[PDB]
Amino acid sequence: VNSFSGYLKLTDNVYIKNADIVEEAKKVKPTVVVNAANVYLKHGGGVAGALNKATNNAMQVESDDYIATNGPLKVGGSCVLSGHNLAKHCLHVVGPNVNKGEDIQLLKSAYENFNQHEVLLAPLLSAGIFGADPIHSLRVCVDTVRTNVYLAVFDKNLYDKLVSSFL
Ligand SMILES: Cc1c[nH]c2ncnc(C(=O)N[C@H](CC(=O)O)c3ccc(Br)cc3)c12
């Protein structure tokens, strides 16, 4: 039993809810919140911009130190950093950006990072300003993630479409 509330169960291990991931994290304080990161950990907009803003830019400060030491992530890759005031940890996961021409097959690799954590709060990877089809992102999620994932979808209209079209 965990503290996530109001989720629709899609499969044995995948759950979905119309919610602002920022507000959801502040309420649950999950062990892991997933960020929709880019390889430079520049948290400018979308999920990343919103999460970083909620940490009062502490996420960005920590991320800049990480990049200065380690260099950029790979598309499809991830790193674990602090969750600041939102979660114990933040798993920064880089899904492919379609508005940069990146291979959508990398979306499966991105979701594989979730399997290293027993429970996660997460957005749909590559959705929103990353330009991929969110229906597809949900399908890859369900078919790749085996650990317990609680998906927050900011847009109510998108949430209803995801639920109504889910096979
Ligand atoms: C901005 C924001 C604040 N709080 C949030 N909680 C949840 N999600 C989002 C958000 O930007 N989501 C979109 C898709 C959707 O509309 O769910 C999305 C955009 C880029 C990528 Br890469 C992946 C997903 C937010």
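Residues numbered from 1 in each chain as written, not as in the entry; some residues may be left out. Heavy atoms only, no water.

- Per the deposited record, the coordinates in this entry were obtained by X-ray crystallography to a resolution of 1.0100 Å.

Thoughts on the overall build of the protein
Next up, step 1: Looking only at helices and strands, one finds six helices and seven strands in the protein.
Next up, step 2: Seen in sequence order, the protein has helices and strands lined up from the N terminus as β-β-α-β-α-α-β-β-α-β-α-β-α.
Next up, step 3: For 167 residues, the compact-globule estimate of 2.2 N^0.38 gives 15 Å, and the protein sits close to it at 14 Å.
Next up, step 4: Considering only C-alpha atoms, the protein reaches an extent of 45 × 35 × 25 Å along its principal axes. (Helix = DSSP H or I, 4+ residues; strand = E, 2+ residues; numbered from the N terminus. Rg over C-alpha atoms; globule rule 2.2 N^0.38 Å.)

Looking at the pattern of salt bridges
Next up, step 1: Applying the stated criterion across every chain yields a total of four salt bridges.
Next up, step 2: Note that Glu24 is salt-bridged to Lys17, the shortest N-O span being 3.1 Å.
Next up, step 3: On the basis of relative accessible area, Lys17 is assigned to the buried category, the value being 16%. (Salt bridge = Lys/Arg side-chain N within 4 Å of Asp/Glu carboxyl O. Buried < 20%, exposed > 50% of the residue type's maximum accessible area, 1.4 Å probe, protein only.)

Some remarks on the site of the ligand
Next up, step 1: Near the ligand there are 15 residues, and of these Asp20, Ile21, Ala127, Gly128 and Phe130 occur at the shortest range.
Next up, step 2: A distance of 2.7 Å separates a nitrogen atom of the ligand from a polar atom in the backbone of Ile21.
Next up, step 3: At 3.5 Å, a backbone N or O of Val47 approaches an oxygen atom of the ligand.
Next up, step 4: For the ligand, the protein covers 88% of the area, taking 550 Å² as the surface of the free molecule.
Next up, step 5: The leading source of residues in the shell around the ligand is helix α2 (residues 46-54), at three residues.
Next up, step 6: Partitioning the shell around the ligand into residue classes produces 10 nonpolar, three polar and two charged. (Near = heavy atom within 4 Å. Polar contact = N/O pair within 3.5 Å; in protein donor to acceptor, adjacent residues only side chain to side chain. Areas by Shrake-Rupley, 256 points an atom, 1.4 Å probe, with all protein chains shown as cover. Nonpolar A, V, L, I, M, F, W, Y, C, P; charged D, E, K, R; others polar.)

Quick look at the pairing of strand β3 (residues 32-36)
Two faces make up the sheet, and in a regular strand the side chains alternate between them.
Next up, step 1: The buried fraction of β3 is high, at five of five residues.
Next up, step 2: The pairing of β3 with strand β5 (residues 89-93) spans five bridges and is classified as parallel. Each residue of the ladder has a partner; that of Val34, found in β5, is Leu91. (Pairing = 2+ DSSP bridges.)

Things to note about helix α3 (residues 58-70)
Next up, step 1: Across its 13 residues, α3 extends 18 Å between first and last C-alpha, which sits within 8% of the 18 Å expected from 1.5 Å per residue.
Next up, step 2: Taken together, the buried positions of α3 are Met59, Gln60, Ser63, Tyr66 and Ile67. All buried residues of α3 project into a common sector of 120° when viewed along the axis, lining one side. Of the exposed residues in α3, those oriented more than 90 degrees away from the buried face are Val61, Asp65, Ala68 and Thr69.
Next up, step 3: At its buried positions, α3 is contacted by β3, α2, β4 (78-82) and β5.
Next up, step 4: Of the residues one or two after α3, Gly71 is the one with positive phi, at around 75°. (Expected span 1.5 Å × (residues − 1). Arc of directions from axis to C-beta. Contact = heavy atoms within 4.5 Å.)

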